2 protein chains.
Amino acid sequence: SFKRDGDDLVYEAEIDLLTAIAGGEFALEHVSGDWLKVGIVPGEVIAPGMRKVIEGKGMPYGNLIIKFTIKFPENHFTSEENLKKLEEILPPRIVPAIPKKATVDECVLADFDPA
Amino acid sequence: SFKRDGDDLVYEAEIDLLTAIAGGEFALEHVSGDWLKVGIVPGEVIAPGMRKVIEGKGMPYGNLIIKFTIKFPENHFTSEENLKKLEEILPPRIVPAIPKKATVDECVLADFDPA
C-alpha cells in the first residue's frame, strides 16, 4: 500500500542489511501496475529510516518517496573469524571513555519481552 | 536523559553498525552518577529500534530499558573489493522476482532534501 502526501506517494520498503550497505536491487509494484526495478549502487549506503526519491512516480507528476527499513541477520549468522574481518571493512570502532575514579558497574544485556 | 516508565527507565542509546553486528561495548552515566559499562557479545546482534534490558537499574528496583539506534557509515566507506567481501560474511542476498510480461520501469534513487 502507498500513502498519499500531496502529489507525492510514500512507500515503506524493507531491504536486507547486505543490500543496504553493499548495494543491490529491489523492486515493487507501483499503483499503476507497472513494476519499478530499483538498483542500489555499491557505495551509496541506505541507512535505517533513510528516505530516497524516485522522480515522477507520484500523483498528477509528483515523486515517489521510499522510506527504508533494514532487516538485520539473527544471532550467530557467521563465524567469529568473519566477524573479525568486519573490523577491517567497516569504519573504526567507537569505545567508551569512562571518567577515571567514577564507579563503574559492569552490566549485561538481557532480552526484552514485547509485553 | 532517562524517561521514566513506571518502575523502569528508558534510555536511547546509539551505537555504530560495527558494534551492532560484531559485538563490542558502550557505556552511559546512570541517573545515580554511576557509569554502566555494557558489553555486547560477538554473535548477539543489535537491530535498529531493538530494545534490551539491564535488570535492576530502574526505579526504587525496576529495570533499565535501552532502545538502540544504529549509526551507519557514509557513502564510499570502503573499497569495492571489500564490499564484495561482505557478500561472504552476511547472509544470502534477496533479489527481485518480477512477474514476466509485467511492465518494468528501471529506476534510480535520488537524495531526499528535507526542505
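Along every chain, residues receive numbers from 1 upward following the written sequence, which is not necessarily the numbering found in the entry; those without coordinates are excluded from display. Key to labels: chains lettered from A, ligands numbered from 1, both in the order written. As a convention, hydrogens and water are excluded, and side-chain values are obtained from all of the structure's heavy atoms.

The PDB entry lists chain A under the name Mitochondrial protein import protein MAS5, from Saccharomyces cerevisiae.

Undergrad: Go over the interface of chain A and chain B, please, and point to the residues and values.
TA: By definition, residues are in contact when any of their heavy atoms lie within 4.5 Å. Taken together, the contacts link 67 residues of chain A with 68 residues of chain B. A 1.4 Å probe defines the accessible area here, and the buried area is the portion of it lost by two parts on being joined, summed over both. With both sides pooled, the region where chain A packs onto chain B buries about 6,300 Å², and carbon together with sulfur makes up 68% of that total. Ranking the residues of chain A by area buried against chain B places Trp35, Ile89 and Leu109 of chain A at the top, with a combined share of 12%. Salt-bridge detection follows one rule: a side-chain nitrogen of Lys or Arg within 4 Å of a carboxyl oxygen of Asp or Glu. On inspection of chain A and its partner chain B, the count reaches two salt bridges. Residue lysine 57 of chain A pairs with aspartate 105 of chain B through a salt bridge whose shortest N-O separation is 3.4 Å. A run of H or I in DSSP counts as a helix once it spans at least four residues, and a run of E counts as a strand once it spans at least two, with each numbered from the N terminus. Every element with two or more residues in the side of chain A that touches chain B is listed here: α1 (17-22), β3 (24-29), β4 (35-40), β5 (51-54), β6 (64-71), α2 (80-89), β7 (104-108) and β8 (110-111) of chain A. The leading source of residues in the side of chain A that touches chain B is α2 of chain A, at seven residues.

Undergrad: Which residues make up the relation of the copies chain A and chain B, and what are the values?
TA: Of the transformation superimposing chain A on chain B, the axial component is 0.0 Å and the angular component is 180°, with the fit at an RMSD of 0.2 Å. This pairing of chains is accounted for by a two-fold axis. Across chain A, the smallest distance between a C-alpha and the rotation axis is recorded for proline 48 of chain A, namely 3.4 Å. A least-squares fit on C-alpha atoms is used to superpose the copies onto one another.

Undergrad: Can you break down the sheet that holds strand β8 (residues 110-111) of chain B residue by residue, with the values?
TA: Any two strands are treated as partners once DSSP identifies two or more bridges connecting them. Pairing is mixed across the open sheet formed by five strands, whose spatial order is β1(A)-β2(A)-β6(A)-β5(A)-β8(B). The outermost strands of the open sheet, each flanked by one partner alone, are β1 (3-5) of chain A together with β8 of chain B.

Undergrad: So what's going on with the environment of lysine 71 of chain B? Which residues, and what values?
TA: Its place among the elements puts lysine 71 of chain B in strand β6 (residues 64-71). By relative accessible area, which is 43% here, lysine 71 of chain B ends up partly exposed. A 1.4 Å probe rolled over the protein chains alone gives each residue an accessible area, and that area as a share of the maximum for its type sets the label: buried under 20%, exposed over 50%, partly exposed in between.

Undergrad: Can you explain α2 of chain A? Please cite residues and give values.
TA: The complete set of buried residues in α2 of chain A reads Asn82, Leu83, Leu86 and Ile89 of chain A. End-on, the buried residues of α2 of chain A take up no more than an arc of 105°, which puts them together on one face. Residues of α2 of chain A that are exposed and point over 90 degrees away from its buried face: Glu81 and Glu88 of chain A. As for α2 of chain A, its buried residues are in contact with α1 (17-22) and α2 (80-89) of chain B. The directions from the helix axis to the C-beta atoms are what the arc is built from.

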